[PDB]
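**Q** Next up is a structure, given as structure tokens.
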Amino acid sequence: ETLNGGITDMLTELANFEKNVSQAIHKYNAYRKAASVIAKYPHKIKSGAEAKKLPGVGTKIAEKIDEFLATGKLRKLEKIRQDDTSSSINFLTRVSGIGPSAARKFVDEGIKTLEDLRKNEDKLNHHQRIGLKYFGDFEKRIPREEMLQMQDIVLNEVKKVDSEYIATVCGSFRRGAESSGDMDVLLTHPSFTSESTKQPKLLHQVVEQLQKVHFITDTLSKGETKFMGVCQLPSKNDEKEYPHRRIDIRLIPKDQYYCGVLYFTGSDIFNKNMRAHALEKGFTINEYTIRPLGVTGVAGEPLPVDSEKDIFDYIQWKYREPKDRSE
DNA sequence: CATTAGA
DNA sequence: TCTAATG
Ligand code: NA
Ligand code: NA
């Protein structure tokens, strides 16, 4: 957790490099398994050799470790930290819509900057257009103050359109959290579940609503069960307009909401820990259901849920207010 | 680990 | 269709 601090960090920088700049899924995949294990290691690594005895630690990394342990740095790490090319890809990538592949391509055309981007806005697709457009706001955190307002909006429509809707703003927001990255709306409706052959309109219907009123301002992607867009709060009595905010609405078959919802609300740790428990308690949890574990090895059969409670019960835990779904 | 775009 | 990107 700290005794292995730098080692793990160098390792991740490294891993990251292969992954992004180079197309080195393997090397990259190496660095991380390595960073995973040294992290677990209970002791202060004193040398490559020592490290080396570990699984995943080949000679390649050991070597790296000594140098860093030796001198407060690593050259390669230094060389890469310097390089404009690689530097360039690390940057472009921030653009929502821009991945590594695209990053490299742009770079090799000479697109390195933001401006560069604008000059060749033509070479960009919609998503990437909007990513570039809202570059600034997309980087900014959402205050809970704002969150509440937004939420309030979405909840109001959803209902106005159909009363039978059920929306849940998941995430950290849902976990109390003072700020949030974007907003997630868990959507479900009774007339939609596991089997009931869809109702795409069920999604569409509301998307449309949000837009009609101008909450939704852009679409990154709209498909039958997953919308990806941009939204924004009505800039009051002027002098202050709102930043454009990332947003994701998604249709869920009523018979899987609470799992979905439990799940999405995290925290990543709570899940696992919650997940790990259902296992002893003879279960199996995942993004959509909970199933009784059968001796033979495995076993199925989707236990029925009407609240985040039911699920708890099943595994006989204490209902944890999301506030405390912290870990 | 899945759903959407894209070309 | 593959492949890329976000979640
Ligand atoms: Na080894
Ligand atoms: Na990006």
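Each position is counted from 1, following the chain as shown.
Each Cβ is built from the backbone N, Cα and C atoms, and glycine gets one as well.
Sharing the features that Swiss-Prot gives for it:
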CROSSLNK  A:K33  ubiquitin cross-link
BINDING   A:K52, A:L54, A:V57  Na(+) 1 binding site
CROSSLNK  A:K53  ubiquitin cross-link
MOD_RES   A:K64  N6-acetyllysine
ACT_SITE  A:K64  active site, nucleophile
CROSSLNK  A:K73  ubiquitin cross-link
MOD_RES   A:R75  omega-N-methylarginine
BINDING   A:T93, A:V95, A:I98  K(+) 2 binding site
BINDING   A:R141, A:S172, A:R175, A:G181, A:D182  dTTP binding site
BINDING   A:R141, A:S172, A:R175, A:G181, A:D182  dCTP binding site
BINDING   A:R141, A:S172, A:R175, A:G181, A:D182  dATP binding site
MOD_RES   A:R144  omega-N-methylarginine
**Q** DSSP on A:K73 (ubiquitin cross-link), three-state: which is it?
**A** coil
**Q** What does the structure give for the C-alpha distance between A:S172 (dTTP binding site) and A:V57 (Na(+) 1 binding site)? Integer Å is fine.
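**A** Rounded to the nearest whole number, the Cα-Cα distance is 36 Å.
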**Q** Which one, from the binding-site residues A:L54, A:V57, A:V95, has the smallest tally of other C-beta atoms lying within 10 Å of its C-beta?
**A** A:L54
**Q** Filter the candidate list A:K33, A:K52, A:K53, A:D182 of recorded positions, keeping only entries whose CB is under 6 Å from an atom of ligand 2.
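**A** Among A:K33, A:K52, A:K53, A:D182, near ligand 2: none.
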**Q** Under 8 Å between C-beta atoms and at least six apart in sequence, can you list the same-chain neighbours of A:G181 (dTTP binding site), or say none if there are none?
**A** A:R141, A:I142, A:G171, A:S172, A:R246
**Q** Quick one: pull the CA-CA distance for A:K53 (ubiquitin cross-link) versus A:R144 (omega-N-methylarginine), whole Å only.
**A** 47
**Q** How many other Cβ atoms sit within 10 Å of the Cβ of A:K73 (ubiquitin cross-link)?
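**A** Excluding its own Cβ, A:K73 (ubiquitin cross-link) sees 13 Cβ atoms within 10 Å.
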**Q** Do any residues at least six apart in sequence from A:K52 (Na(+) 1 binding site), in the same chain, have a Cβ closer than 8 Å to its Cβ, and if so which, in order?
**A** A:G58, A:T59, A:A62
**Q** Can you list, in sequence order, the residues of the same chain other than A:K52, A:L54, A:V57 whose CB lies within 8 Å of the CB centroid of the Na(+) 1 site?
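**A** Not counting the recorded site residues, we get A:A34, A:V37, A:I38, A:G48, A:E50, A:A51, A:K53, A:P55, A:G56, A:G58, A:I61, A:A62.
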**Q** So which recorded positions out of A:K73, A:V95, A:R175 are up against ligand 1, CB under 6 A?
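**A** None, as no Cβ falls under 6 Å.
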**Q** Among A:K33, A:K64, A:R75, A:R144, all listed as recorded positions, which has the most CB atoms within 10 Å of its CB?
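**A** Of the recorded positions A:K33, A:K64, A:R75, A:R144, the most buried by Cβ count within 10 Å is A:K64.
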**Q** Between the Cα atoms of A:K33 (ubiquitin cross-link) and A:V57 (Na(+) 1 binding site), find the distance and write it as a whole number of Å.
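**A** Each residue's Cα considered, A:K33 (ubiquitin cross-link) and A:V57 (Na(+) 1 binding site) end up 9 Å apart.
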**Q** Just the number: how many Å between the Cα atoms of A:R75 (omega-N-methylarginine) and A:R175 (dTTP binding site)?
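**A** Here the two Cα atoms are 42 Å apart.
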**Q** Around the C-beta of A:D182 (dTTP binding site), how many further C-beta atoms are within 10 angstroms, looking at every protein chain?
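**A** Total other Cβ atoms inside 10 Å, all chains included: 16.
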